[PDB]
Amino acid sequence: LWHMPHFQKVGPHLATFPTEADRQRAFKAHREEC
Amino acid sequence: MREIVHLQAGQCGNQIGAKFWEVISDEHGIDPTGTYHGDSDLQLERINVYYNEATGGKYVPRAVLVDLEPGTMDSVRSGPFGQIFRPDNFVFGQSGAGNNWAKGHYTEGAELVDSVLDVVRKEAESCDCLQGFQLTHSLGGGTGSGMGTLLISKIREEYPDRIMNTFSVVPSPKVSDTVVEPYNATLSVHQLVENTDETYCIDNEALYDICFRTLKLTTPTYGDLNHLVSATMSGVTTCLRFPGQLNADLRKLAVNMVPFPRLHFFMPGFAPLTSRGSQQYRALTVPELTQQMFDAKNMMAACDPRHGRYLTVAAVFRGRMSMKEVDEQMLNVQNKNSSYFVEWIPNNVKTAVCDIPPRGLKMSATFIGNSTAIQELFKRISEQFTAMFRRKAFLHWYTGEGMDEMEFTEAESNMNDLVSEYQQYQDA
Amino acid sequence: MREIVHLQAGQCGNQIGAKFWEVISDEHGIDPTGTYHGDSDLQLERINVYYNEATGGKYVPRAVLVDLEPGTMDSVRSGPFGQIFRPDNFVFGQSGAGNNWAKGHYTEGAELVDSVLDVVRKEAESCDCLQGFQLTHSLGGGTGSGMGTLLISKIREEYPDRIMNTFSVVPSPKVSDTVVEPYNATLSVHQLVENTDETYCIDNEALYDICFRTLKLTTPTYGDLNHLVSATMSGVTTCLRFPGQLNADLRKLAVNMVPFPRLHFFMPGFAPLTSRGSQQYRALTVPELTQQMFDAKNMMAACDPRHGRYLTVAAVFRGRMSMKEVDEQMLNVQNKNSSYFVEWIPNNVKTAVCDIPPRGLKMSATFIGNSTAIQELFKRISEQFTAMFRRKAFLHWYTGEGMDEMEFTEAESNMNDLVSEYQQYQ
Amino acid sequence: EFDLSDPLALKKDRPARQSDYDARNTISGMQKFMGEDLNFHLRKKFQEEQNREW
Amino acid sequence: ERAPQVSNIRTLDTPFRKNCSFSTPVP
Amino acid sequence: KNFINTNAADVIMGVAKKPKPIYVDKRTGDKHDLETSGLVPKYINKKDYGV
Amino acid sequence: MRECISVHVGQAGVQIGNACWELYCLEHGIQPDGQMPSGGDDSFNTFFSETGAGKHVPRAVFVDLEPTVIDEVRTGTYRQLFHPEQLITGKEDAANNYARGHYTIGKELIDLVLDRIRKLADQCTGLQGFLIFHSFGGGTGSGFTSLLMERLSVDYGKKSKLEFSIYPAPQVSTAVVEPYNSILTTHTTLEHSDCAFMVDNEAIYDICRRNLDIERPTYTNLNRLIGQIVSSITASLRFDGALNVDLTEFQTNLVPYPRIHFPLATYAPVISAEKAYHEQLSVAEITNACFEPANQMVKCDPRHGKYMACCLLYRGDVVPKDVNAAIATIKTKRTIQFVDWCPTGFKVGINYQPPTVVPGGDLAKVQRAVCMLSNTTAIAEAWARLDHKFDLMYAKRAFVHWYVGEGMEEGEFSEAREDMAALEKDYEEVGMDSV
Ligand SMILES: Nc1nc2c(ncn2[C@@H]2O[C@H](COP(=O)(O)OP(=O)(O)OP(=O)(O)O)[C@@H](O)[C@H]2O)c(=O)[nH]1
Ligand SMILES: Nc1nc2c(ncn2[C@@H]2O[C@H](COP(=O)(O)OP(=O)(O)O)[C@@H](O)[C@H]2O)c(=O)[nH]1
Ligand SMILES: Nc1nc2c(ncn2[C@@H]2O[C@H](COP(=O)(O)OP(=O)(O)O)[C@@H](O)[C@H]2O)c(=O)[nH]1
Ligand SMILES: [Mg+2]
Ligand SMILES: [Mg+2]
């Protein structure tokens with residue numbers, strides 16, 4: 001689908017993970033099976 | 001409380017409106033003398049949108065009759081529904097326009113515009129909440145195109161917030177009956193563009209092709225053409241008048257028809273329309289209703305919509321029907337046929353349903369389509385006009401009445417700009 | 001459910017399907033005004049296959065009706081069942097091609113193909129799941145052979161996955177009524193090999209041979225010939241409309257029984273055709289129907305079953321019976337006669353049944369069979385075409401319509417491979 | 001049920017013109033038209049006769 | 001034949017005669 | 001002339017029409033001008049007030 | 001006590017409100033003239049009231065800008081039930097504009113609606129919360145329901161405010177400018193709403209086509225199914241039940257994070273009269289139909305996302321042991337994925353009173369019923385498709401002159417999409433397992 005290049009750099013509003021180290025680890029680990 | 005003031009100018013405008021008030025009076029149950037004599041309360045509940053009230057239970061229409069030649073004034077009241085209109089609303093000139101846009105706009109319409117506007121302010125300011133205006137005319141004659149565009153300018157400067165509609169019979173492409181109708185059409189687009197919210201372009205040979213191929217008439221006349229046009233006018237404002245499951249009034253369809261304030265030229269269409277010999281072979285259902293609805297044969301504009309892309313489509317339905325099958329197959333016509341719909345609008349089609357069908361049918365619907373392919377209606381008048389301006393064919397009938405060649409040069413420029421409007425939005 | 005579109009082309013196609021819509025409406029139960037007056041409930045459940053629905057109880061035929069001249073469709077509208085056809089399906093031109101393949105395919109077919117494809121699209125999208133198209137036309141003509149081949153090209157390109165059927169009337173050598181009939185036939189076949197799935201070759205000699213030597217009828221008319229054609233045209237597709245112990249649809253009857261994509265030229269046949277003087281002396285059982293259906297007399301093409309090996313055979317039976325009698329008769333005709341079939345297809349028998357027979361008959365069947373012996377139907381019609389093109393016989397009636405001799409040249413190049421492709425299985 | 005009248009074979013109903021000269025089509029309905037001359041022949045043979053003694 | 005359904009029908013011999021009983025302003 | 005950008009420039013480089021303050025008081029709806037009616041302070045902030 | 005105030009805004013809210021308030025009358029015996037043919041039962045006070053003379057008047061307000069949707073109610077079979085002042089109409093509609101529903105025409109009736117809600121709230125001895133029925137696609141169904149809630153947040157603050165919203169269906173839609181309204185009414189409702197129960201027409205269409213033996217369903221069939229849900233939600237506090245569930249507990253057990261409050265509602269015992277004769281409706285068998293993707297009343301596959309919270313509401317002669325054994329089998333089932341940070345997932349509620357049919361409707365006599373309200377990650381792709389609708393119309397600035405030209409700055413569109421584009425990563429972040 002198409003969501004323009006302008007609406008790609010927009011940031012989130014929620015920080016549910018406790019730190020930022022596990023934030024990158026959770027996103028990197030779940031791209032392995034997808 | 002949501003009423004509209006009806007306007008009509010020109011011989012074509014008066015005859016179309018006269019047949020229009022016959023269709024409305026039938027559906028609401030109004031006899032020629034003007035007393036409600038129908039069979040249901042849901043014909044009188046919203047009688048105030050078109051008809052006023054006179055003592056004795058009499059319902060007077062809000063239409064004002066305009067012409068420059070008094071010959072059609074006698075013809076309107078001597079018709080089968082001519083006593084319905086108020087005699088004060090019959091405002092008219094004494095000398096004809098003679099198929100001249102200059103006389104309708106500058107010479108003869110100047111003294112008459114101040115007289116008709118008083119009657120228009122008469123019937124518009126007695127409204128608690130006016131919904132808008134609706135003017136029907138033609139773009140081939142003199143008082144239809146000349147004064148029909150002058151009246152548009154005066155109402156919009158007076159009522160800018162209110163909506164304005166135009167049921168314009170733009171001139172026929174191949175068959176013709178006036179040698180200066182390219183001049184009148186070219187000079188009447190620019191006024192239509194800047195000061196009108198809905199414009200429905202109606203072609204005479206499109207109506208003739210409907211009368212021939214769909215209806216199989218032996219001998220069609222102007223009464224049959226005004227019969228088919230009156231189906232749209234009653235069909236467009238069906239939600240203002242009767243209840244519906246999911247209704248859509250005059251202004252709400254305008255919002256999701258025009259993406260930009262200049263591309264407001266639509267093609268009308270009436271779906272349940274069948275010849276006498278094929279009546280018993282046709283079952284009145286919605287899937288066959290929507291297949292004639294999108295057919296180019298049924299279109300009342302003589303421009304093929306397959307040549308361009310549908311910018312916005314809408315179709316308001318009338319009758320007791322089920323919403324699911326309307327929603328799924330009006331999706332289907334977008335899905336099985338996705339090439340003539342613009343890609344930059346995901347859903348191009350608006351749906352609306354009224355519970356009460358027209359008197360004479362179990363179920364009915366009409367068609368409003370904003371397609372790109374109406375640019376081929378306009379640029380062919382442009383090549384039919386640029387053959388006349390370069391040689392100054394009939395120019396002395398216009399420049400001798402208070403005009404100049406600059407007004408023709410600009411009116412060609414705004415018309416060529418609108419043909420440039422649709423081409424870029426088709427290519428985008 | 002499984003709706004199929006009827007199409008007609010030529011005066012021959014108009015006469016045949018008018019008789020076909022007479023026997024189907026007799027079968028499902030339909031008066032000349034299109035109202036059900038049947039004696040069962042199984043006659044209306046699959047009426048969607050051939051009929052649409054209208055208000056009042058009307059069932060208009062699911063057919064589009066086109067010819068290039070309006071004279072023959074005046075008779076169709078004035079026939080016994082001419083009031084059920086919708087008048088919008090009647091498509092006619094002003095001047096006919098007149099037994100000219102070039103005029104039908106290029107000159108007058110061009111401004112009429114847009115009208116038919118509009119009607120065809122309008123009536124095909126009404127189907128929930130369109131099972132396919134099927135056409136009846138003649139191959140010796142200008143409308144059926146010229147424009148009907150053009151119609152097949154467009155509706156195949158637009159509708160890829162649906163199956164295409166046709167009932168082509170191949171022009172006959174001994175009895176003939178058109179001088180330019182080899183031109184209209186050899187220009188039609190090499191289009192019709194690559195745009196159709198089932199092509200039933202019905203010939204007038206075989207229809208005549210049935211009328212004398214089987215029906216014992218003294219003076220046949222075109223009604224008596226189209227009745228035999230309409231019998232097999234309903235019998236091919238009878239499992240599509242009626243229940244049975246072993247069903248077989250049109251795609252079922254096609255994908256099973258054509259071995260290669262060019263071996264799709266067919267041999268119809270209707271078994272229980274009895275003489276009026278011999279009707280009461282003839283029993284109606286499984287064995288009597290089997291022996292007579294495979295006989296060379298009851299063939300519906302002007303080529304015997306003999307000049308080649310049976311590629312595949314299909315029999316679509318009808319009536320209330322037991323399958324082992326069908327199986328033992330197919331077993332007893334394979335064991336006793338095993339020399340007329342291909343040895344590279346061991347189980348060469350196809351069976352198909354319906355519990356509902358035709359009206360007035362206890363038992364019936366329809367024979368369908370691919371054989372090499374249809375190559376002579378093309379060799380003999382090309383050996384007289386190549387004897388006619390070699391002196392440039394009637395070329396100015398074709399070359400002046402916008403075609404050249406290279407289109408003729410590729411016709412013989414398809415009349416020396418299609419016959420050749422039949423001949424490697426000998 | 002409440003609504004019904006869409007399913008279960010209620011399609012067997014009125015074609016909206018049983019015959020000519022019915023009192024229900026009127027003018028708001030778009031089935032009757034002024035342009036169809038049902039007496040086009042009868043007006044013609046009146047006019048065929050009218051030109052003769054003229 | 002369709003003359004009643006054109007100006008006001010008063011002339012019996014030819015119903016397609018003009019009838020400006022209207023227009024013709026009161027002054 | 002490119003009109004894709006021109007129509008977008010009219011929308012982007014534009015201002016919204018400020019609606020007139022108007023108030024209802026009925027279930028059937030009625031548009032009464034709020035400013036002229038005596039429900040909003042209009043003449044209490046005049047230069048002649050108090051003096 | 002336990003009073004509840006219902007607000008029906010837009011044509012959709014009134015048409016659903018017609019089917020909601022007919023069902024509430026049949027659950028209590030209140031006749032259309034507002035008289036109960038009987039201090040006896042007082043279960044009506046959560047919806048109805050008293051005047052001393054035996055008249056029951058609903059605790060509802062009906063607001064619309066188009067008069068010809070409420071004028072049926074004023075001249076229908078329930079013309080004596082509703083208070084005339086509780087039925088509110090304007091002059092002109094919102095014309096499928098959020099700007100008209102919020103800034104120009106919605107600002108008209110907002111002071112009169114707030115006044116009427118105050119008179120309704122002054123009669124409430126114990127107020128559970130506000131129920132608001134609208135459609136994201138409508139003009140006043142998106143604009144006026146947005147302006148109302150900002151005013152309710154100013155006036156009533158943290159009072160529970162629950163919504164029944166008609167989502168635009170992902171493939172079937174009515175209006176063209178509808179995606180513009182959906183983004184605008186979602187942006188200004190996120191901080192003001194407490195919870196938003198969501199349902200669209202296409203998924204009910206398939207359920208009405210398949211599960212019920214009705215071909216070509218109407219909006220009237222849709223509104224009864226929605227009315228059965230709202231009845232099943234509230235009847236825990238209307239009727240005696242084993243596990244009482246209140247309106248305040250829905251926001252706690254279905255909204256984990258402040259900016260995600262969009263669960264999905266479904267009603268699984270929806271079967272026809274011919275089809276109810278063959279199958280048995282046990283507690284374990286009907287609760288598996290709450291989790292089938294084809295039986296979801298929102299057109300989105302829950303297998304595409306992960307369940308965040310579920311709220312099971314059982315209605316009828318359900319046994320709590322069979323409720324318990326049924327949830328245990330669903331937890332052992334692997335094709336349903338729950339997030340790691342919600343090991344519980346399930347809130348169950350049991351009401352003793354069977355659902356009573358509308359006489360002549362489509363629903364069969366079920367002895368027991370279950371209504372599921374589940375917040376799923378699978379609604380993220382619905383926003384992703386809804387982003388594909390608004391944005392594909394916004395790159396050319398199409399249909400904005402109707403919005404920017406009337407009371408609304410263009411920068412509103414340049415802030416209302418970016419904020420809900422943050423929901424895409426909010427639904428991503430809650431859908432990642434912590435390592
Ligand atoms: N499920 C369901 N949805 C409905 C029903 N009626 C309308 N809708 C939905 O509501 C949407 C339109 O909003 P409406 O509430 O009908 O119109 P509105 O809120 O009055 O908006 P405006 O008239 O423009 O001011 C449609 O797209 C439908 O999907 C209904 O009876 N049942
Ligand atoms: N559809 C329709 N078109 C009409 C009718 N009467 C006139 N016209 C069209 O109007 C054009 C001429 O209008 P005209 O008589 O000059 O209008 P005028 O300005 O009042 O004189 C012609 O090209 C006709 O096609 C009618 O009754 N129906
Ligand atoms: N079997 C059969 N053949 C027919 C019938 N009518 C015509 N024919 C054949 O059709 C051929 C002529 O076809 P033609 O007149 O060109 O039809 P067209 O192709 O549709 O124009 C003749 O050679 C006939 O043998 C019929 O009723 N039955
Ligand atoms: Mg099978
Ligand atoms: Mg509305």
# chains A, B, ... in the order shown; residues from 1 in each chain; ligands from 1
$ residues_near_ligand --ligand "ligand 3" --cutoff "6 Å" --atoms "only C-alpha atoms and all ligand atoms" --output "list in words"
residues 9, 10, 11, 12, 13, 15, 16, 99, 138, 140, 141, 142, 143, 144, 145, 177, 204, 222, 225 and 226 of chain C
$ residues_around --residues "stretch 28-41 of chain F" --least-positions-apart "6" --cutoff "10 Å" --atoms "only C-alpha atoms" --output "PyMOL selection string"
(chain B and resi 1+128-129) or (chain F and resi 20-22) or (chain G and resi 65+67+71+84-85+87-92+108-109)
$ interface_residues --of "chain D" --to "chain B" --cutoff "8 Å" --atoms "only C-alpha atoms" --output "PDB file with C-alpha atoms, in the first residue's frame"
ATOM      1  CA  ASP D   6     -36.814  -9.542  -1.371  1.00  0.00           C
ATOM      2  CA  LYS D  11     -40.021 -12.062  -8.371  1.00  0.00           C
ATOM      3  CA  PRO D  15     -44.221  -6.287 -15.138  1.00  0.00           C
ATOM      4  CA  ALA D  16     -45.260  -2.589 -14.548  1.00  0.00           C
ATOM      5  CA  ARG D  17     -47.265  -2.698 -17.847  1.00  0.00           C
ATOM      6  CA  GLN D  18     -49.768  -5.539 -18.093  1.00  0.00           C
ATOM      7  CA  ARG D  24     -51.376   3.363 -12.945  1.00  0.00           C
ATOM      8  CA  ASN D  25     -48.375   4.361 -15.089  1.00  0.00           C
ATOM      9  CA  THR D  26     -49.377   8.099 -15.245  1.00  0.00           C
ATOM     10  CA  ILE D  27     -46.849  10.877 -15.911  1.00  0.00           C
ATOM     11  CA  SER D  28     -44.537  10.730 -12.866  1.00  0.00           C
ATOM     12  CA  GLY D  29     -43.797   7.192 -13.984  1.00  0.00           C
ATOM     13  CA  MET D  30     -41.565   7.133 -17.044  1.00  0.00           C
ATOM     14  CA  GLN D  31     -43.263   4.321 -18.981  1.00  0.00           C
ATOM     15  CA  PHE D  33     -44.868   8.781 -23.283  1.00  0.00           C
ATOM     16  CA  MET D  34     -46.503  11.328 -25.568  1.00  0.00           C
ATOM     17  CA  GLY D  35     -44.220  10.566 -28.513  1.00  0.00           C
ATOM     18  CA  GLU D  36     -45.438   7.031 -29.119  1.00  0.00           C
ATOM     19  CA  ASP D  37     -48.368   7.366 -31.512  1.00  0.00           C
TER      20      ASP D  37
END
$ residues_near_ligand --ligand "ligand 1" --cutoff "8 Å" --atoms "only C-alpha atoms and all ligand atoms" --output "number ranges by chain"
B: 245-248, 252; G: 9-16, 64-66, 93-97, 101, 134-142, 166-169, 173-175, 178, 199-201, 204, 219-220, 222-223, 226
$ select_by_dssp --residues "stretch 44-175 of chain C" --states "strand (DSSP E)" --output "mmCIF file with N, CA and C atoms, in the first residue's frame"
data_model
loop_
_atom_site.group_PDB
_atom_site.id
_atom_site.type_symbol
_atom_site.label_atom_id
_atom_site.label_comp_id
_atom_site.auth_asym_id
_atom_site.auth_seq_id
_atom_site.Cartn_x
_atom_site.Cartn_y
_atom_site.Cartn_z
ATOM 1 N N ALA C 63 -30.015 -16.452 -24.448
ATOM 2 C CA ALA C 63 -29.550 -16.540 -25.822
ATOM 3 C C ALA C 63 -29.421 -15.148 -26.411
ATOM 4 N N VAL C 64 -28.367 -14.935 -27.191
ATOM 5 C CA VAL C 64 -28.233 -13.748 -28.025
ATOM 6 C C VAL C 64 -28.384 -14.166 -29.485
ATOM 7 N N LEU C 65 -29.167 -13.390 -30.235
ATOM 8 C CA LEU C 65 -29.700 -13.754 -31.548
ATOM 9 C C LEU C 65 -29.230 -12.753 -32.600
ATOM 10 N N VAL C 66 -28.237 -13.140 -33.402
ATOM 11 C CA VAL C 66 -27.639 -12.221 -34.365
ATOM 12 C C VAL C 66 -27.533 -12.869 -35.743
ATOM 13 N N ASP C 67 -27.872 -12.087 -36.769
ATOM 14 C CA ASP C 67 -27.597 -12.400 -38.164
ATOM 15 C C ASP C 67 -27.338 -11.089 -38.888
ATOM 16 N N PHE C 90 -32.171 -9.494 -30.347
ATOM 17 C CA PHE C 90 -32.203 -9.511 -31.806
ATOM 18 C C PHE C 90 -31.241 -8.450 -32.328
ATOM 19 N N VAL C 91 -30.127 -8.880 -32.915
ATOM 20 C CA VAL C 91 -29.140 -7.973 -33.493
ATOM 21 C C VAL C 91 -29.054 -8.259 -34.984
ATOM 22 N N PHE C 92 -29.292 -7.242 -35.807
ATOM 23 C CA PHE C 92 -29.257 -7.435 -37.248
ATOM 24 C C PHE C 92 -28.589 -6.254 -37.931
ATOM 25 N N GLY C 132 -19.911 -21.242 -19.461
ATOM 26 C CA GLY C 132 -19.275 -21.083 -20.756
ATOM 27 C C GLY C 132 -20.235 -20.538 -21.792
ATOM 28 N N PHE C 133 -19.779 -20.577 -23.039
ATOM 29 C CA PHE C 133 -20.540 -20.185 -24.216
ATOM 30 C C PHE C 133 -20.688 -21.375 -25.151
ATOM 31 N N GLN C 134 -21.752 -21.355 -25.951
ATOM 32 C CA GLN C 134 -21.910 -22.359 -26.996
ATOM 33 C C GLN C 134 -22.720 -21.777 -28.145
ATOM 34 N N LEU C 135 -22.268 -22.047 -29.367
ATOM 35 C CA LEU C 135 -22.759 -21.414 -30.583
ATOM 36 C C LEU C 135 -23.179 -22.472 -31.594
ATOM 37 N N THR C 136 -24.194 -22.160 -32.394
ATOM 38 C CA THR C 136 -24.556 -22.989 -33.534
ATOM 39 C C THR C 136 -24.552 -22.123 -34.781
ATOM 40 N N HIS C 137 -23.898 -22.608 -35.832
ATOM 41 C CA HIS C 137 -23.714 -21.845 -37.058
ATOM 42 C C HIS C 137 -23.299 -22.801 -38.162
ATOM 43 N N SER C 138 -23.263 -22.276 -39.383
ATOM 44 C CA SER C 138 -22.841 -23.025 -40.557
ATOM 45 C C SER C 138 -21.476 -22.542 -41.027
ATOM 46 N N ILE C 163 -15.085 -22.331 -20.856
ATOM 47 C CA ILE C 163 -14.973 -23.245 -21.985
ATOM 48 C C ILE C 163 -15.845 -22.739 -23.121
ATOM 49 N N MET C 164 -15.435 -23.044 -24.347
ATOM 50 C CA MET C 164 -16.131 -22.617 -25.548
ATOM 51 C C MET C 164 -16.613 -23.840 -26.307
ATOM 52 N N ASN C 165 -17.877 -23.827 -26.689
ATOM 53 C CA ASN C 165 -18.460 -24.880 -27.496
ATOM 54 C C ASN C 165 -19.010 -24.286 -28.781
ATOM 55 N N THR C 166 -19.083 -25.119 -29.814
ATOM 56 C CA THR C 166 -19.687 -24.709 -31.069
ATOM 57 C C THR C 166 -20.244 -25.934 -31.776
ATOM 58 N N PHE C 167 -21.298 -25.714 -32.554
ATOM 59 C CA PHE C 167 -21.948 -26.757 -33.342
ATOM 60 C C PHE C 167 -21.845 -26.315 -34.797
ATOM 61 N N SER C 168 -20.733 -26.654 -35.437
ATOM 62 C CA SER C 168 -20.448 -26.182 -36.782
ATOM 63 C C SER C 168 -21.075 -27.101 -37.820
ATOM 64 N N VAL C 169 -21.746 -26.501 -38.796
ATOM 65 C CA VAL C 169 -22.339 -27.241 -39.907
ATOM 66 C C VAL C 169 -21.297 -27.236 -41.020
ATOM 67 N N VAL C 170 -20.518 -28.307 -41.086
ATOM 68 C CA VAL C 170 -19.504 -28.439 -42.137
ATOM 69 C C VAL C 170 -20.204 -28.650 -43.473
#
$ residues_around --residues "stretch 4-19 of chain E" --least-positions-apart "5" --cutoff "10 Å" --atoms "only C-alpha atoms" --output "VMD selection string"
(chain B and resid 71 to 81 223) or (chain D and resid 34)
$ interface_residues --of "chain B" --to "chain G" --cutoff "7 Å" --atoms "only C-alpha atoms" --output "PyMOL selection string"
chain B and resi 1-2+129+243+251-252+255-256+259-260+322-325+327-328+331+344-351
$ write_last_selection --atoms "N, CA and C atoms" --output "compact mmCIF listing (two decimals), in the first residue's frame"
# COMPACT_ATOMS: atom_id res chain seq x y z
N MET B 1 -38.36 24.62 5.21
CA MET B 1 -37.25 24.72 6.14
C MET B 1 -35.97 24.20 5.49
N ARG B 2 -36.13 23.56 4.33
CA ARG B 2 -35.03 23.25 3.43
C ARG B 2 -35.43 23.51 1.99
N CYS B 129 -35.34 28.83 6.05
CA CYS B 129 -33.98 28.34 5.81
C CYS B 129 -33.93 27.84 4.37
N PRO B 243 -38.68 10.30 2.84
CA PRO B 243 -37.75 9.61 3.74
C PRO B 243 -36.99 8.49 3.03
N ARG B 251 -27.14 19.20 -1.19
CA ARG B 251 -25.81 19.74 -0.93
C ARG B 251 -24.82 18.64 -0.58
N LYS B 252 -25.27 17.59 0.10
CA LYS B 252 -24.36 16.54 0.54
C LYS B 252 -23.77 15.76 -0.62
N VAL B 255 -20.82 17.73 -2.13
CA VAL B 255 -19.55 17.73 -1.41
C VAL B 255 -18.65 16.62 -1.94
N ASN B 256 -19.18 15.41 -2.08
CA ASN B 256 -18.41 14.29 -2.59
C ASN B 256 -18.67 14.04 -4.08
N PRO B 259 -14.25 17.42 -6.54
CA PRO B 259 -13.02 17.49 -5.74
C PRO B 259 -12.44 18.89 -5.70
N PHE B 260 -12.74 19.71 -6.69
CA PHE B 260 -12.22 21.06 -6.84
C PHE B 260 -13.34 21.96 -7.33
N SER B 322 -33.02 -3.38 -0.39
CA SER B 322 -32.09 -3.84 0.63
C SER B 322 -30.71 -3.24 0.38
N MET B 323 -30.08 -2.77 1.45
CA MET B 323 -28.86 -1.98 1.34
C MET B 323 -27.65 -2.81 0.98
N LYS B 324 -27.66 -4.09 1.33
CA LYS B 324 -26.47 -4.92 1.15
C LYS B 324 -26.16 -5.13 -0.32
N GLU B 325 -27.18 -5.46 -1.11
CA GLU B 325 -26.94 -5.77 -2.51
C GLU B 325 -26.64 -4.51 -3.32
N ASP B 327 -24.82 -2.11 -1.99
CA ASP B 327 -23.45 -1.80 -1.61
C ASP B 327 -22.45 -2.75 -2.26
N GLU B 328 -22.83 -4.01 -2.46
CA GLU B 328 -21.85 -4.98 -2.94
C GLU B 328 -21.63 -4.89 -4.45
N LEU B 331 -19.93 -1.69 -5.51
CA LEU B 331 -18.52 -2.04 -5.41
C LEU B 331 -18.05 -2.83 -6.63
N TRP B 344 -6.66 8.01 -8.11
CA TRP B 344 -6.34 8.84 -6.96
C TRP B 344 -7.55 9.11 -6.07
N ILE B 345 -8.67 8.44 -6.31
CA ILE B 345 -9.80 8.39 -5.39
C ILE B 345 -10.21 6.93 -5.25
N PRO B 346 -10.14 6.33 -4.05
CA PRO B 346 -10.34 4.88 -3.91
C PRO B 346 -11.76 4.42 -4.21
N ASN B 347 -12.75 5.01 -3.55
CA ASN B 347 -14.15 4.74 -3.84
C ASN B 347 -14.63 5.98 -4.58
N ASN B 348 -15.12 5.77 -5.80
CA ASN B 348 -15.58 6.86 -6.64
C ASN B 348 -17.09 7.02 -6.62
N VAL B 349 -17.82 6.14 -5.94
CA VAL B 349 -19.25 6.05 -6.15
C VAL B 349 -19.98 6.28 -4.84
N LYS B 350 -20.96 7.19 -4.87
CA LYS B 350 -21.81 7.48 -3.73
C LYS B 350 -23.18 6.82 -3.90
N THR B 351 -23.70 6.24 -2.82
CA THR B 351 -25.00 5.58 -2.82
C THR B 351 -25.95 6.31 -1.89
$ decode --residues "stretch 3-10 of chain F" --atoms "N, CA and C atoms" --output "PDB file, in the first residue's frame"
ATOM      1  N   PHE F   3      -1.891  22.593 -13.340  1.00  0.00           N
ATOM      2  CA  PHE F   3      -3.023  22.887 -12.474  1.00  0.00           C
ATOM      3  C   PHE F   3      -3.141  21.936 -11.291  1.00  0.00           C
ATOM      4  N   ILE F   4      -2.312  20.892 -11.230  1.00  0.00           N
ATOM      5  CA  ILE F   4      -2.262  20.053 -10.038  1.00  0.00           C
ATOM      6  C   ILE F   4      -1.707  20.846  -8.862  1.00  0.00           C
ATOM      7  N   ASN F   5      -0.643  21.616  -9.104  1.00  0.00           N
ATOM      8  CA  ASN F   5      -0.054  22.442  -8.057  1.00  0.00           C
ATOM      9  C   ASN F   5      -0.898  23.678  -7.773  1.00  0.00           C
ATOM     10  N   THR F   6      -1.573  24.208  -8.799  1.00  0.00           N
ATOM     11  CA  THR F   6      -2.348  25.436  -8.638  1.00  0.00           C
ATOM     12  C   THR F   6      -3.544  25.227  -7.719  1.00  0.00           C
ATOM     13  N   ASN F   7      -4.257  24.108  -7.882  1.00  0.00           N
ATOM     14  CA  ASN F   7      -5.376  23.805  -6.994  1.00  0.00           C
ATOM     15  C   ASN F   7      -4.904  23.517  -5.576  1.00  0.00           C
ATOM     16  N   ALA F   8      -3.739  22.886  -5.427  1.00  0.00           N
ATOM     17  CA  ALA F   8      -3.181  22.649  -4.101  1.00  0.00           C
ATOM     18  C   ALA F   8      -2.641  23.926  -3.471  1.00  0.00           C
ATOM     19  N   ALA F   9      -2.143  24.863  -4.283  1.00  0.00           N
ATOM     20  CA  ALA F   9      -1.646  26.122  -3.738  1.00  0.00           C
ATOM     21  C   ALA F   9      -2.778  27.003  -3.231  1.00  0.00           C
ATOM     22  N   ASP F  10      -3.956  26.918  -3.852  1.00  0.00           N
ATOM     23  CA  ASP F  10      -5.102  27.686  -3.376  1.00  0.00           C
ATOM     24  C   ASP F  10      -5.570  27.187  -2.017  1.00  0.00           C
TER      25      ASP F  10
END
